[PDB]
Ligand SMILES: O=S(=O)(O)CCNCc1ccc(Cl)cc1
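Shown next as structure tokens: one chain only, the form solved without the named molecule.
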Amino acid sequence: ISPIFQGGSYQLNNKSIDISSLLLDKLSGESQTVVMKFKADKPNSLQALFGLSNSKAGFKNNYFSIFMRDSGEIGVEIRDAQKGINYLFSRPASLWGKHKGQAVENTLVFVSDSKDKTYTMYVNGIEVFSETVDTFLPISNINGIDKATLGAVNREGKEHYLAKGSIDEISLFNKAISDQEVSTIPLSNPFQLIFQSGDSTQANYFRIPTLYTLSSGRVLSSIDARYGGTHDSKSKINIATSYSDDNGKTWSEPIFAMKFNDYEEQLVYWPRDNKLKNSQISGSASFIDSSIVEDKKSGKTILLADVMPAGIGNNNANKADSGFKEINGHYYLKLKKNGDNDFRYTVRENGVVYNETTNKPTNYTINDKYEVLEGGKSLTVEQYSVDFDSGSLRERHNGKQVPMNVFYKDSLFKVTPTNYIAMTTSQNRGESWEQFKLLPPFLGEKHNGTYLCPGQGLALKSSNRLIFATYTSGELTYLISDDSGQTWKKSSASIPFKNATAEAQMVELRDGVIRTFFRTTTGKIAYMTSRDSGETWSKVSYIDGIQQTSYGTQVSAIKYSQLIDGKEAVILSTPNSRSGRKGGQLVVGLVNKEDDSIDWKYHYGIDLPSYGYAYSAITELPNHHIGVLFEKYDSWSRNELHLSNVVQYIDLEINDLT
């Protein structure tokens, strides 16, 4: 239908604009849609974009508002003191502020639907909340409404929540337009989505983006497809991938690089309230933290990720057990059979399950997919699904049979409840992935696996050497292959922290010379250097001019292919903030050839200092643009859990950064 009111080019300069005479008598019926295109690149801490209120003395709590915070949160209040109603619905990290240093036009759509008693908010094509209520309050049914205001709410005759920004366009409709109609509203987004709710992964959440540019010109991305909210393992998480063959303009429908099937892939709206938000899928196996490299010699693409058995994450993984048994210089995966309280079995050659107590082979084998066979016959288990129908998280069998896998809760034979690293390869640049294989233990029998550093591995330019950084207590542990990923050895580099999440990414400064940038516990990004292709490593130094929080955040890093100001250049991506995971920047450093020192010369603001920016991936696209896929929210904050469609992709040119 047609708008009952439409207006535009409203400048909000800490002075409200009264539109009462234009709008109030046009409002009718119980359902309404507001469509607002607006900018706010210097917002106040809390500000109202749009207000309908009773402005009379004695009725300060009778109003409807669409408000935003300088954190990027968007929300509404719907209040009527006579009815005893005070609704407040919002979602953090819903907005853009600036892109390439210019204010972004956000497109907000708020649907107030009396028929389903639901209030739904979209920003920039993304649904950020959908809230159904017992007693519906139509936004124009508030007792004694007499003002319609832009850039404030009029309470008792005074301007509250004054806004700084602009409303380029605003329209109101006396109808709750459908989700289908919402999708037809034109957008001006500075970003793209590669992975998103409702896509082929069926995950409602995503974290831990990666990007890597392949020799064909194809750009490949991997990600955690996270089903049980944005929680780290334990949860259900798969690793998914997507690629672009046109310099990031379009992306393929995702497929899985690593997946378990003990739990259903369910798209779930995870609870965000303070009683239930920590609900966590507790009986599922998962993968977490992926990393990609391409091997020039073989042509293979290689992806590693951590693997977690059912119920396991980094917090409860057995730190004192690799899950492997060393027998005459060889490592064998240990297994525990139901009924035993110890690990009496090993997986030997050809997947044969061997009884360590009697030294006899059993009638069981493990196939290449870590599935259990008995006398050659595939065993199955019943799949679980999850729901909150009872008012709390429930995990229960769903009637479907899936292959029995040793990483599963219901398996007859189970692996050690600790963390592992697996690798898969692709021979067609991400169009399909092989079944994963566990990497061997690197730090002996009685040590849990190291933790993969998400992002990119490093292919050295002048050899066949492949390196993936990992971390554990007290060190970075580099995994090195010179044979296309068939075998690996470790190279340990001490760092002066205990129990740091030392997520590390590497650049080759020149032939044989690797610099690694990594997260610390000190508020500063650290680095170390190898001058022998990863065999040995220097002591740790720190980067000045970038601030992180005490807990830190992953940093991504690349060596740019072209000179900048006549110098070789390194680009870092990281939040730059002492408060939270916000204020994302790309930082361009120019290398001094005399000593390999780096002058951090340019700092590019991805968005506002107050807007969220957490884990990130960066890669030089084949056309020398820079692609950035990043978590546009504070992934640490306990207030910003379980947000959909906040991992976002942007395209930048070097001139934008400098």
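A residue's number is simply how far along the shown sequence it sits, counting from 1.
Heads up, the form solved in complex with the named molecule isn't pictured, but that's what we're talking about next.
Here the chain stands alone, but in the entry with it bound its contact with the named molecule, taken as any heavy atom within 4.5 Å, falls in 629-637 among 595-603, 629-637, 33-41, 53-61.
Between the options 519, 155, 91, 582, the residue in contact with the named molecule in the entry with it bound by a heavy atom within 4.5 angstroms is 519. Exactly one listed residue, out of 405, 573, 233, 201, brings a non-hydrogen atom to within 4.5 Å of the named molecule in the entry with it bound: 233. Residue contact with the named molecule in the entry with it bound: residue 334 places no heavy atom within 4.5 Å of it.
Interface residue remark: residue 615 is counted as part of the site for the named molecule in the entry with it bound, having a heavy atom within 4.5 Å.
Using a 4.5 angstroms threshold between heavy atoms, residue 191 stays clear of the named molecule in the entry with it bound.
When contacts are judged by a 4.5 Å heavy atom cut-off, residue 258 does not count as touching the named molecule in the entry with it bound. Taking the named molecule as positioned in the entry with it bound, the residues of 306-324 that bring a heavy atom within 4.5 Å of it are, in sequence order, 306, 308, 313, 314.
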